[PDB]
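Colleague: Could you have a look at this structure, given as structure tokens, before my questions?
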Amino acid sequence: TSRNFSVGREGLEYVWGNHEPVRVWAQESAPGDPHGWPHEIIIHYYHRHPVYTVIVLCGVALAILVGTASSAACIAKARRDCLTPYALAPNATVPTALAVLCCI
Amino acid sequence: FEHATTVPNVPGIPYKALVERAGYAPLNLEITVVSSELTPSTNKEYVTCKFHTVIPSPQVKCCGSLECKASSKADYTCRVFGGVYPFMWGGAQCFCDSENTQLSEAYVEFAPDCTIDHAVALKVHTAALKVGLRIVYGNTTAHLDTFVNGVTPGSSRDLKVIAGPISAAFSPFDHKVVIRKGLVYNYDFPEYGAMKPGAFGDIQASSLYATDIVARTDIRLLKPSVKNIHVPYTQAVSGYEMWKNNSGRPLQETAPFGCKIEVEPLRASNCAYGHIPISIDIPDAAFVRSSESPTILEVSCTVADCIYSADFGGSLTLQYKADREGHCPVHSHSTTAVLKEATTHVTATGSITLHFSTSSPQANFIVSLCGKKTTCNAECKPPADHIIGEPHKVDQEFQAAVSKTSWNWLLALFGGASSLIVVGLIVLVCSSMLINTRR
């Protein structure tokens, strides 16, 4: 027969019949390269610590998303608070010098 | 001198420390836990084994009445039956017809083979850790055994090492333990005096040759039916035999932390758990002045190739220039990298190749050659073998465990997120005073 046993960093001891106990430890020989491109980095760290890698990748995606939304909102309200007051006020004229400096 | 080190309690991996005092050359220290003992305080509740049902020779009164008496033997059951007329080989044994009375007795003894086949019920209190050390300072090696309690000065000759309290209190034994033929079981045995028929401990005694045996084996004495003389009885099974059939696996195979459970005395040897705060008092003869010790002028560390594995999967050559011959100790001032060799022979101008083990995916540690520490840079590839037969010499951190390329990617993305926030804020304020100046 064949039996499958999970070995961690701490080790595993198996005794087969009247044999001396034999101990085996597990190394981080995860598929991928931690020093290569980002996707091999991701494969390595996912195969090593999956939940930690998922948490970190979700955190970085959240960090980019809130911050892209924040920059977009800041540029948006700045654009509107520069455009609505007098740039496009009724019967109001804004020449090139203070129009093209940011507009279009 | 006093050195406060935290030696991980794993039996076989030396912990390399560097004790340095002002005006003296650094001294290499090596604390190895050759052995460990977890001895708990025990209390023998009782002794149990298979019981032998002693049925004495029946007593019959031919024309008269018999009375049950009180006896102190284990599970002494007595009953008196009304009309018997018993027969032996030779005919009837009484002259009356139905006024004959029988007295059935049945108690419980210890089986003759119980001197070898018996179980000891024990209660174990707090445990004591007693470790053996191989402290190496300079070129003198001291072997000593010390109690890990925080106050005991366990010293071999003059070392004066004090092992502080263990960080975590761990015991493979719970409150109640059963020892049978060298095997150790964690069983909730019945207390002394409360024995249940058909279960472990149905017969109890303070010793094998004690006279105060107590038992409860459910001996029911039945009415004789055949004409021949007979004490008919029915009884529960041996709780010892039932427990032997349903014993499970011993603590010798179910113990955590890879402990070796041993008896006489009961102990758990070579357990790998926690940290031992060892404080050492090195004799002044070991230390040497800096004047007559070799002095390094320029040391540069280059690491050829490395992997992060349990063994010494790393190479580290360093080119130094020193003024004199001698032996200068080396040390890695990093928790993620350790060095196989500690003392190196210095030959004026030259190089020495030092093997190291690391668990971070990088050699980014500081190596001191009797002073003048230098930094090392490398990339440590993942190992080839998946399973190794040797413990990991270094514990796994987080900042170490994340590589510099991954750190750069994460830092770049998070810093871009922060730069978006700050550029949004500066644009917001720019527009704010723009509006303020507009009106």
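Colleague: Give me the percent of Cα-Cα pairs in the range B:254-345 that sit more than 23 Å apart, rounded to a whole number. Walk me through the numbers on the way to the answer.
Modeller: On the way: 2283 of 4186 pairs.
Roughly 55 percent, once rounded to a whole number.
Colleague: Right, next: If amide H atoms are built 1.01 Å from N in the plane of the peptide, which residues on other chains or at least 5 residues away come under 5 Å of the amide H of B:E45?
Modeller: Sorted by chain and number, the residues that satisfy this are B:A121, B:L122, B:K123.
Colleague: Hand me the chymotrypsin sites (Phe, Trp or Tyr not before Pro) from the range B:58-162 located in a DSSP loop with no more than 15 other Cβ atoms within 10 Å, in residue order please.
Modeller: Working: sites: B:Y76, B:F81, B:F87, B:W89, B:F95, B:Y107, B:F110, B:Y137, B:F147; in loops: B:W89, B:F95.
Counting only loop positions with at most 15 other Cβ atoms within 10 Å, the chymotrypsin sites (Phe, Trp or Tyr not before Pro) in the range B:58-162 are B:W89, B:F95.
Colleague: While we're here: Using Cα pairs under 8 angstrom and six or more residues apart, how large is the relative contact order of the range B:331-439, in percent?
Modeller: Numbers: 102 pairs, mean separation 26.6, N = 109.
Once divided by the residue count of the range B:331-439, the mean separation gives 24 percent.
Colleague: When chain B is treated as a GNM, springs tying every alpha-carbon pair under 10 Å, which of B:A194, B:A127, B:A215 comes out with the largest mean-square fluctuation?
Modeller: Looking only at B:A194, B:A127, B:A215, the largest GNM fluctuation is found for B:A194.
Colleague: Starting from the coordinates of the alpha-carbon atoms of the range B:130-218, obtain the Kirkwood hydrodynamic radius over all distinct pairs and give the value in Å to one decimal.
Modeller: Numbers: mean 1/r = 0.0571 Å⁻¹.
Kirkwood radius, the range B:130-218: 17.5 Å.
Colleague: Can you pull out the chymotrypsin sites (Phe, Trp or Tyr not before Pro) in the range B:189-252 that DSSP calls coil and that have at most 10 other Cβ atoms within 10 Å? Each step should come with its number before you reach the end.
Modeller: On the way: sites: B:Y192, B:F200, B:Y209, B:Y233, B:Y240, B:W243; in loops: B:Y192, B:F200, B:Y209.
In loop regions of the range B:189-252 (DSSP not H, G, I, E or B), the sparsely surrounded chymotrypsin sites (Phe, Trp or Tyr not before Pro) are B:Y209.
Colleague: Still on this structure, I have one more. On alpha carbon coordinates alone, what is the Rg over Rh value for chain B, Rh being the Kirkwood radius?
Modeller: Numbers: Rg = 37.8 Å, Rh = 29.1 Å.
Looking at chain B, the ratio lands at 1.30.
Colleague: Could you work out the percent of alpha carbon pairs in the protein assembly as shown separated by over 39 Å, rounded to a whole number?
Modeller: Values: 85155 of 147153 pairs.
Of the Cα pairs, 58 percent sit more than 39 Å apart.
Colleague: So what is the orientation-averaged projected area of the range B:51-125, using the convex hull of its C-alpha atoms, in nm²?
Modeller: 7.6
Colleague: What residue among B:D97, B:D281, B:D323 shows peak mean-square fluctuation when chain B is described by a Gaussian network model with Cα springs under 10 Å?
Modeller: Between B:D97, B:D281, B:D323, it is B:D97 that shows the largest mean-square fluctuation.
Colleague: Would you mind estimating how fast chain A diffuses translationally, via Stokes-Einstein at 4 °C and 1.567 mPa s with the Kirkwood radius over Cα pairs, in µm²/s?
Modeller: Working: Rh = 20.0 Å.
The estimated diffusion coefficient comes to 65 µm²/s.
Colleague: In the protein assembly as shown, if the dipole is taken from +1 on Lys/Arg beta carbons and -1 on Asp/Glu beta carbons about the Cα centre, which of B:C259, A:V60, B:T317 is farthest to the positive end?
Modeller: Selected residue: A:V60.
Colleague: Further, regarding this structure: List the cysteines of chain B that have no other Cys Cβ closer than 4.7 Å: which are they?
Modeller: B:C430
Colleague: Can you list the GluC sites (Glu not before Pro) in the range B:40-104 that are in a DSSP coil and have 15 or fewer other beta carbons within 10 angstrom? Before the final figure, lay out each step's value.
Modeller: Numbers: sites: B:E45, B:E67, B:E99; in loops: B:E67, B:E99.
Filter output for the range B:40-104: B:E67.
Colleague: May I pose another question? Straight-line reach from B:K160: which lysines fall under 18 Å, measuring Cα to Cα and dropping same-chain residues less than 8 apart?
Modeller: Excluding near neighbours in sequence, the set is B:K130.
Colleague: Show which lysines lie in cross-link reach of B:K176 when reach means a straight Cα distance below 19 angstrom and same-chain residues fewer than eight apart are skipped.
Modeller: B:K44, B:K123, B:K196, B:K244, B:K260
Colleague: Which value in deg cm²/dmol, rounded to the nearest 500, describes the helix-derived mean residue ellipticity at 222 nm for chain B, given -39,500 (n - 2.57) per DSSP H run of n ≥ 4 and division by the residue count? If you can, show how the numbers build up before the last one.
Modeller: Working: 3 runs with 46 residues, N = 439.
It comes out at -3500 deg cm²/dmol, rounded to the nearest 500.
Colleague: If the viscosity is 1.567 mPa s and the temperature 4 °C, what translational diffusion coefficient in µm²/s does Stokes-Einstein give for the range B:118-158 when Rh comes from Kirkwood over Cα pairs? Please report the intermediate quantities before stating the final value.
Modeller: Values: Rh = 12.9 Å.
Estimated via Stokes-Einstein, D reaches 100 µm²/s.
Colleague: Next up: In whole Hz and in residue order, list the ³J(HN,Hα) couplings for the range A:48-55 that follow from phi through the Karplus curve 6.51 cos²θ - 1.76 cosθ + 1.60, θ = phi - 60°; x for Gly and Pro.
Modeller: Once rounded to whole Hz, the list reads 7, 10, x, 5, 5, 5, 4, 4.
Colleague: Would you grab the residues whose amide H sits under 5 Å from the one on B:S334? Only those 5+ places off in sequence or on another chain, please, with H modelled 1.01 Å from N.
Modeller: Here B:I366 satisfy the definition.
Colleague: Still on this structure, I have one more. Per residue of the range B:323-333, in order, report the coupling 6.51 cos²θ - 1.76 cosθ + 1.60 (Karplus, θ = phi - 60°) as ³J(HN,Hα) in whole Hz, putting x for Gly and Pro.
Modeller: Rounded to whole hertz, the list is 8, 8, 6, x, 10, 10, x, 10, 6, 9, 7.
Colleague: Follow-up question, since we're still on this one. As a test of the formula, what do you get for chain A when each DSSP H run with n ≥ 4 contributes -39,500 (n - 2.57) and the sum is divided by the residue count, at 222 nm and rounded to the nearest 500 deg cm²/dmol?
Modeller: Values: 2 runs with 44 residues, N = 104.
Calculated from helices alone, the mean residue ellipticity at 222 nm is -15000 deg cm²/dmol.
Colleague: Can I ask one more? How many percent of all Cα-Cα pairs in the range B:161-275 sit more than 24 Å apart? Each step should come with its number before you reach the end.
Modeller: Working: 3123 of 6555 pairs.
In whole percent, the long-distance tail amounts to 48.
Colleague: Oh, and also: Using a 10 Å Cβ count of at most 14 others and DSSP loop calls, identify the longest part of chain A lacking such chymotrypsin sites (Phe, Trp or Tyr not before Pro).
Modeller: Free of exposed loop sites, the longest segment is A:17-104.
Colleague: Determine ³J(HN,Hα), in whole Hz, for all residues of the range B:261-274 in sequence, where each value follows from phi through the Karplus function 6.51 cos²θ - 1.76 cosθ + 1.60 and θ = phi - 60°; x replaces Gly and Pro.
Modeller: 7, 9, 10, 6, x, 5, 7, 10, 9, 6, 9, 10, 8, x
Colleague: Contact order normalised by length for chain A, with contacts defined as Cα pairs under 8 Å and 6 or more residues apart; what percent is it?
Modeller: 11
Colleague: Where nothing but the Cβ of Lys and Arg (+1) and of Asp and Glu (-1) is charged, how large is the charge dipole of chain B around its Cα centre, in debye to the nearest 20? Intermediate values should be presented prior to the final figure.
Modeller: Numbers: 36 positive and 39 negative charges, 173 e Å.
Dipole about the Cα centre, nearest 20: 840 debye.
Colleague: Compute the semi-axes of the equivalent ellipsoid of the range B:12-74, taking the square root of 5 times each eigenvalue of the Cα gyration tensor, and list them largest first in whole Å.
Modeller: Details: eigenvalues 1202, 30, 4 Å².
Its equivalent ellipsoid spans semi-axes of 78, 12, 5 Å.
Colleague: Could you give me D for the range B:217-375, from Stokes-Einstein at 20 °C and 1.002 mPa s, where the hydrodynamic radius is the Kirkwood radius over C-alpha pairs? Units µm² s⁻¹, please. Present the calculation step by step, with values, prior to reporting the outcome.
Modeller: Details: Rh = 22.2 Å.
The diffusion coefficient I find is 97 µm²/s.
Cβ atoms come from the backbone with ideal geometry, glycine included; neighbour counts cover every protein chain shown. Since every read-out is calculated from the coordinates, none of them should be taken as a lab result.
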